[PDB]
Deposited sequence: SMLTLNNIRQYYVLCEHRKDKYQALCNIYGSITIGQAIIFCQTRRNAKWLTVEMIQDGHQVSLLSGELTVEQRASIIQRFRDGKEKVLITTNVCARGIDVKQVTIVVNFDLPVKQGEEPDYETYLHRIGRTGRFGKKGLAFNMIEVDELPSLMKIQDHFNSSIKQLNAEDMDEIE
């Protein structure tokens, strides 16, 4: 059920400060609705939360520190639209990827060394056109190149100047 018939992009970012700056540029560039944002670490997910709260976004955070009931409440609320941005460390979108989500952002590329193809697919593929962004520091390009060869779908490049 699960393919890649969605527009994929990457942005080159020096450090997380630039990743968020870029993410802000996306927000001031197109209509959102709902978005999922995936991070590799608790520390980074937590950080992006604080960042977005300080910019008015209503964010909920799905880290691993949460109890079953806390996870239940976050997820239920995001599904029926009470939150707009869901930041998670979850390796996969299952349960959360409702129809209302237009954007998905890999705030960290799902990476011993090899990139995780099914993680990438579960995050970004769906089960009438999606949008997905990869926030990447210069030297993650080799992995991204592999992710692209693997799926034979091109991941286009953007900068601090969004057009589409």
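When the deposited sequence is numbered from 1, the segments without any C-alpha atom are 1 to 2, 114 to 115, 132 to 135, 173 to 175.
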